[PDB]
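Two forms of the same protein chain are encoded below as structure tokens; each is given separately, as structure 1 and structure 2.
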Structure 1
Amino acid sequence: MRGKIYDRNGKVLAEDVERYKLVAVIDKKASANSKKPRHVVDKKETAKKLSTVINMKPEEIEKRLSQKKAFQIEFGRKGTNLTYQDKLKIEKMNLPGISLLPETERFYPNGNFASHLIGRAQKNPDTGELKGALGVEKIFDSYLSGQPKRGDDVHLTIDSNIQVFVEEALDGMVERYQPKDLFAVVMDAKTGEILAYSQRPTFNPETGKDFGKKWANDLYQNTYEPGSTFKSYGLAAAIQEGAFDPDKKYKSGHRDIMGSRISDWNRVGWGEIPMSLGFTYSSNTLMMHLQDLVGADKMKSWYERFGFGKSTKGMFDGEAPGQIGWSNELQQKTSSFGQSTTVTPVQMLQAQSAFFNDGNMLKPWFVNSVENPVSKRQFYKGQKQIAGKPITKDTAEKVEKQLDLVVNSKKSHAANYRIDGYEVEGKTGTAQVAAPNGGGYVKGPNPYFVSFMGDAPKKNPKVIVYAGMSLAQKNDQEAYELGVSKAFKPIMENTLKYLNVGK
């Protein structure tokens, strides 16, 4: 009996269950008595009396009850997975030929729910043996797999209440923007526990609908050009190095890099503005400037020290390292605002954690334990671990003040992320998406990966929410303008209420 998969609070995300399959013996070959038949005689009337319990298709049933030289028949999917009452109901009616075989099915109480984390187990029909095909099911299969030995349970950090907030919000963003890719992740700011994680498009582990359309888990196995969320790590390196003074002025506008003209987003700039306002506006010239002040060799190192270009070493299979793009000054200067370099969303959460743990990066984790439920032996137990301390408490407190302004500055271009009654901070991102098949960047009206790396309450946050949407195929203009504010706001507002945060 395959092990359970539980959430933070012992609520069930996957379990084995006893269901029943319907079998009808149609062929008259059980004729040792016409008075005591063991096959289906009146087809019309046998068909009608189980319509009362099954899908109620008396014609489709009577149709299927008519085949060629087959003793037994099944009724595909609507005649598998039937309750223990559905058995006793059909057994009371004493129909001849009709029996119900027991079947052990894998059952996901919440259906489409953390589907790409939890994964799916598939049944060998010959043995009823279940094998994990993706996610926790696949990773921890040997632990979950079971004279009759009962398999070990896997406990996640996922909180079913928060996971719901995330599932509703991403459901809305698909109706509004129908994007090619989309994800949101809630993490405990102070522990690095994944409290909630979802992505679209995804599958239903229960029904199996859409399974194997996308193998890739967004949090761990998919890489992105992060965009301007990645500026927080460059700003931290610059604050530590001395390059960044919020009140010093810099020449905004553009820079000429290996002959190409990389410019601020409004193209003109704002002339000489303070570096604080530079960041608040998301000036690429500020970041290319700070890179010149600090040094190309010193900045590759600073990115490496924030955990980039190498795997977080988490519990997920085939975790992507990504890569720091640093082969020519065009790659380095574009890396400063999160193009060329590829990240995993989990790398970004590891990095971002440093601003709230006095400079200590938290290794993010979702598996809480693997225990036998009889013996109570923990074969594995996860905990808060430090992944690096790339910056000082001071650097961190100052990166925080900039993230506060990005949202709450009177000249903010990101007030769409404010939440009535809770103070929020973070950094926005709009980024070009590499074309799957070489061909530089995806073309179109606004062919962007919009993203936000927020946290609340500000300075001493309970949670970090990192949502990202890639290539909205509808309201693509509103996508560019609002990014992921329509997912961030509800996810964050409901998660703070549920953790009883004041206001």
Structure 2
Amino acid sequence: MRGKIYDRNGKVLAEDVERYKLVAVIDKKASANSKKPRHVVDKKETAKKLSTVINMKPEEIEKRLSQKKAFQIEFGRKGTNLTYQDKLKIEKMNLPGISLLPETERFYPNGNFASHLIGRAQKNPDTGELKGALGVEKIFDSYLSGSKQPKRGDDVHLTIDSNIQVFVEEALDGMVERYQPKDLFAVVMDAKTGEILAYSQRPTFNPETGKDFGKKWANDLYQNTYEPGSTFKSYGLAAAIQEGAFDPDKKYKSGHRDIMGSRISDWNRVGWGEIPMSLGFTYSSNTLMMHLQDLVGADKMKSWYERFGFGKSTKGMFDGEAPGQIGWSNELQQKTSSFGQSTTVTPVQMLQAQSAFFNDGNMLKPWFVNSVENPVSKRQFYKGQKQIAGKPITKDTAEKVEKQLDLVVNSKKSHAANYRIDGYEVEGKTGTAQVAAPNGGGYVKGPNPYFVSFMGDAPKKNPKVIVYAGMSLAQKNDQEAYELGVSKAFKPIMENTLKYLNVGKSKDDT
């Protein structure tokens, strides 16, 4: 038998099952040396009875039964992967020539569910051997397979919680209705451990059926790189707070900056003139970040972006984890980086970084694989745990960074109040950002050709969970997309997750 993939609560995510395949002996030759016929006789009346129990027409059942120079015929997709009672029905019909051959099939109970994390195993018709093709299934193929007495494979426990992973798969569906984006992902992560509690992307595939398997081969969380947008200012701001370049009450000149003769300007183009650094961040002033880069100095800001573990794989347990790159080739790359362009990141790299603001400066290496253990021997081949990827900042720094994130959402001047939730205090940072042109080019163009993100955590200050949500190139409501961003996904995902984790406020959301 092949191993099982379990959730954190040992709920099954993938297992082997015995299913059945229809076969009809059409040629007389089977019953020359037999009392009972071993071949189909009333090809019309056997075709009739087989209908209803099979999802084929009594017309096409005969069509496949009246093939010639053929001893033993089958029925494509439609008469394979059949259930145990599906068999007991056809078996009771005591039809001659008709047999049911038991084939073992990999079964994904919730179907399209963390499809890009869990992955999928494909079966070799000849040996019936199952081989992992993506995600957990391919990563651990050796451990799951019992080929690498008939011996049983090893189980693999994920940190996924089916109950959260639900809220996520639902909200993500709601976004492909509203915005039909080219790419989309959410992830929930325990603030205090780096456990991935839920993760899905769009487009994905259904591992049960095999629908749309291929297409997007790449896992968003671990394999796809992004120009992240302003979610990434948070790390610049930390660095500055540490170096002492930032002070919430100190003023700076907003508007634009001329860098290698280019007018990179705040999102209103004009600025708000001389204002406090706090408001600048609350507003998402790109000039602020460029000002702080100047104050701290290019060389130190690369060292800082490296110290937050960018342009270097998080070393998580996924196949070809991407490292991304820090945009620091010339002074423009460097300034554009400050507000999350040029530089490419894995969303996981971001989870790592953001963790440092709640773990008193320490970045938590994110992990989704809890254990690999043969359920016979009980021998933990591998066991996951919370490690520390680095401590780039001090507790002080982190506390200050958090206050600014509180304001981004909960300031009187918040431009991100659409990310608020009834019955819970939320904080985080917003990230509207242009998208790189796939093959050569430069930037995808359009009316709102953006990747909107949010990197929130609740409850604010001492949070339980971080939710990172990203939507690429909304091909519908592309305006609402720019305006509301991933607020339409974040609010449900968080709200339900906090209820499910039993956190309280003023009503106890009964």
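FYI, numbering is relative to structure 1, first residue = 1. Note that the rigid core is defined as the largest set of C-alphas that superpose within 1.5 Å between two forms.
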Query - Identity of the moved residue from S34, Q477, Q473, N460, C-alpha shift 2 angstroms or more, core fit between structures 1 and 2 - result: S34
Query raised in the report: Supposing the core is put in the same place in both forms, how far has the CA of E59 shifted between structures 1 and 2, in Å?
Result: 2.0
Query raised in the report: With both forms fitted on the core, how large is the C-alpha shift of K43 between structures 1 and 2 in Å?
Result: 1.5
